[PDB]
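This is entry_26.cif (mmCIF, C-alpha atoms).
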```cif
data_start
#
loop_
_atom_site.label_atom_id
_atom_site.label_comp_id
_atom_site.auth_asym_id
_atom_site.auth_seq_id
_atom_site.Cartn_x
_atom_site.Cartn_y
_atom_site.Cartn_z
CA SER A 387 0.00 0.00 0.00
CA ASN A 388 1.19 3.55 -0.25
CA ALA A 389 -1.10 4.71 2.60
CA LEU A 390 1.78 5.25 5.06
CA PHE A 391 4.52 6.70 2.90
CA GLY A 392 4.95 9.12 0.03
CA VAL A 393 7.60 9.78 -2.64
CA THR A 394 7.96 13.00 -4.62
CA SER A 395 10.79 14.14 -6.86
CA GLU A 396 12.36 17.24 -8.44
CA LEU A 397 14.47 17.36 -11.59
CA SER A 398 17.38 19.81 -11.95
CA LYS A 399 17.12 22.60 -14.49
CA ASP A 400 19.58 20.78 -16.78
CA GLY A 401 17.59 17.55 -16.48
CA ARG A 402 20.73 15.69 -15.33
CA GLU A 403 19.89 15.10 -11.66
CA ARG A 404 16.69 13.96 -9.93
CA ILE A 405 16.15 14.11 -6.17
CA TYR A 406 13.57 11.74 -4.75
CA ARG A 407 12.16 12.65 -1.33
CA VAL A 408 10.68 9.79 0.66
CA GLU A 409 8.50 10.48 3.75
CA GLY A 410 6.55 8.31 6.17
CA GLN A 411 6.82 4.60 7.11
CA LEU A 412 8.64 1.94 5.07
CA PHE A 413 7.58 -1.63 5.84
CA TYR A 414 8.07 -4.94 4.04
CA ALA A 415 4.41 -4.96 3.10
CA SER A 416 4.87 -1.87 0.89
CA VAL A 417 8.12 -2.82 -0.86
CA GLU A 418 6.45 -3.19 -4.28
CA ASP A 419 4.77 0.23 -3.94
CA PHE A 420 8.09 1.73 -2.89
CA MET A 421 9.85 0.30 -6.00
CA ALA A 422 7.08 1.58 -8.27
CA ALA A 423 7.78 5.13 -7.08
CA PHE A 424 11.04 5.38 -9.08
CA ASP A 425 11.64 5.81 -12.81
CA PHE A 426 14.78 3.72 -13.23
CA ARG A 427 14.93 4.21 -17.01
CA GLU A 428 15.29 8.02 -17.00
CA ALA A 429 18.48 9.37 -18.58
CA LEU A 430 20.20 10.84 -15.48
CA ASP A 431 23.77 11.57 -14.41
CA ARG A 432 22.88 11.69 -10.70
CA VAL A 433 20.13 10.52 -8.41
CA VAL A 434 19.67 11.50 -4.78
CA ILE A 435 17.29 9.44 -2.61
CA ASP A 436 16.44 11.50 0.45
CA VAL A 437 15.04 9.34 3.26
CA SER A 438 15.61 11.94 6.07
CA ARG A 439 11.86 12.24 6.57
CA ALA A 440 11.14 8.50 6.48
CA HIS A 441 11.35 5.60 8.96
CA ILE A 442 12.68 2.24 7.77
CA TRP A 443 11.11 -0.45 9.94
CA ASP A 444 12.61 -3.72 8.74
CA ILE A 445 15.45 -5.27 6.81
CA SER A 446 13.28 -6.01 3.73
CA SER A 447 12.66 -2.26 3.44
CA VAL A 448 16.41 -1.61 3.77
CA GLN A 449 17.04 -4.18 0.98
CA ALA A 450 14.37 -2.46 -1.16
CA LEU A 451 16.15 0.89 -0.79
CA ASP A 452 19.45 -0.86 -1.63
CA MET A 453 17.79 -2.39 -4.71
CA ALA A 454 16.45 1.00 -5.87
CA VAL A 455 20.00 2.38 -5.48
CA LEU A 456 21.50 -0.56 -7.38
CA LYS A 457 18.94 -0.21 -10.22
CA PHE A 458 19.74 3.50 -10.69
CA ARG A 459 23.46 2.69 -10.66
CA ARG A 460 23.02 -0.02 -13.30
CA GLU A 461 21.23 2.52 -15.48
CA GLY A 462 24.37 4.72 -15.28
CA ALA A 463 23.64 7.23 -12.51
CA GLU A 464 25.85 8.23 -9.60
CA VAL A 465 23.53 7.65 -6.62
CA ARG A 466 23.60 8.96 -3.11
CA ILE A 467 21.34 8.46 -0.13
CA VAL A 468 20.61 11.44 2.16
CA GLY A 469 19.21 10.87 5.65
CA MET A 470 20.14 7.19 6.06
CA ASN A 471 21.12 7.67 9.73
CA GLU A 472 17.79 9.25 10.66
CA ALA A 473 15.77 6.76 8.62
CA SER A 474 17.63 3.78 10.13
CA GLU A 475 16.92 4.57 13.81
CA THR A 476 13.61 2.69 13.58
CA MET A 477 15.06 -0.40 11.98
CA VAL A 478 14.01 -2.78 14.69
#
```

Represent the structure of the file as structure tokens.
Amino acid sequence: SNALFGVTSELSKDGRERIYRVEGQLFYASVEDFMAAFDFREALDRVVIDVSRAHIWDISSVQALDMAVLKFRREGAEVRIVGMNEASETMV
């Protein structure tokens, strides 16, 4: 479900970088919805995934973030995560 989390994004003026902003609760039950939030095929030099406003609750949701990162990297982007420390405090 995407009831408990949201993803928005903003593209740079040159179209070369996209920042995704994730907010709310990330649980294993919503992994497929989380994946569907990203456009992995976009021609980008850089992707930022900002999870500073999100809470990761389980290791499946960590692995889903890692997979989104890997998929952007395989499509040629330099990828960085912002807010991992804050998002990871809930990983219980």

Report task. Determine, counting only C-alpha atoms, which protein, DNA and RNA residues have an atom within 9 Å of an atom of region 387-397 of chain A; residues of the same chain fewer than 3 positions away are not included. Present the result as a PyMOL selection string. Result -> chain A and resi 400-412+415-420+423-424+440

Report as a PDB file with C-alpha atoms, in the coordinates of the input the full result of the PyMOL selection byres ((chain A and resi 449-464) around 9) when it is applied to this structure.
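Listing of expr_5.pdb after writing:
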```pdb
ATOM      1  CA  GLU A 403      19.890  15.100 -11.660  1.00  0.00           C
ATOM      2  CA  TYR A 414       8.070  -4.940   4.040  1.00  0.00           C
ATOM      3  CA  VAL A 417       8.120  -2.820  -0.860  1.00  0.00           C
ATOM      4  CA  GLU A 418       6.450  -3.190  -4.280  1.00  0.00           C
ATOM      5  CA  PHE A 420       8.090   1.730  -2.890  1.00  0.00           C
ATOM      6  CA  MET A 421       9.850   0.300  -6.000  1.00  0.00           C
ATOM      7  CA  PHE A 424      11.040   5.380  -9.080  1.00  0.00           C
ATOM      8  CA  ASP A 425      11.640   5.810 -12.810  1.00  0.00           C
ATOM      9  CA  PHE A 426      14.780   3.720 -13.230  1.00  0.00           C
ATOM     10  CA  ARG A 427      14.930   4.210 -17.010  1.00  0.00           C
ATOM     11  CA  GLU A 428      15.290   8.020 -17.000  1.00  0.00           C
ATOM     12  CA  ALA A 429      18.480   9.370 -18.580  1.00  0.00           C
ATOM     13  CA  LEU A 430      20.200  10.840 -15.480  1.00  0.00           C
ATOM     14  CA  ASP A 431      23.770  11.570 -14.410  1.00  0.00           C
ATOM     15  CA  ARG A 432      22.880  11.690 -10.700  1.00  0.00           C
ATOM     16  CA  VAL A 433      20.130  10.520  -8.410  1.00  0.00           C
ATOM     17  CA  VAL A 434      19.670  11.500  -4.780  1.00  0.00           C
ATOM     18  CA  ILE A 435      17.290   9.440  -2.610  1.00  0.00           C
ATOM     19  CA  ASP A 444      12.610  -3.720   8.740  1.00  0.00           C
ATOM     20  CA  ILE A 445      15.450  -5.270   6.810  1.00  0.00           C
ATOM     21  CA  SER A 446      13.280  -6.010   3.730  1.00  0.00           C
ATOM     22  CA  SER A 447      12.660  -2.260   3.440  1.00  0.00           C
ATOM     23  CA  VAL A 448      16.410  -1.610   3.770  1.00  0.00           C
ATOM     24  CA  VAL A 465      23.530   7.650  -6.620  1.00  0.00           C
ATOM     25  CA  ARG A 466      23.600   8.960  -3.110  1.00  0.00           C
ATOM     26  CA  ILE A 467      21.340   8.460  -0.130  1.00  0.00           C
TER      27      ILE A 467
END
```

Query raised in the report: Where does the PyMOL selection byres ((chain A and resi 438) around 6) land in this file, that is, which residues does it pick, as a list in words?
Result: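 Selection result, ordered by chain and number: residues 436, 437, 439, 440, 469, 472 and 473 of chain A.
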
Those residues with C-alpha atoms, as a CSV table (one decimal), keeping the file's coordinate frame please?
```csv
chain,number,residue,atom,x,y,z
A,436,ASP,CA,16.4,11.5,0.4
A,437,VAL,CA,15.0,9.3,3.3
A,439,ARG,CA,11.9,12.2,6.6
A,440,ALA,CA,11.1,8.5,6.5
A,469,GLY,CA,19.2,10.9,5.6
A,472,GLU,CA,17.8,9.2,10.7
A,473,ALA,CA,15.8,6.8,8.6
```

Report task. Spell out the residues picked by the PyMOL selection byres ((chain A and resi 476) around 7) here, as a VMD selection string. Result -> chain A and resid 441 to 443 473 to 475 477 to 478

Any chance you could work out the axis-aligned box around region 460-471 of chain A, listed atoms only, 8 Å on each side, giving centre and edge lengths in Å to one decimal, as JSON?
```
{"center_x": 22.5, "center_y": 5.7, "center_z": -2.9, "size_x": 22.6, "size_y": 27.5, "size_z": 41.2}
```
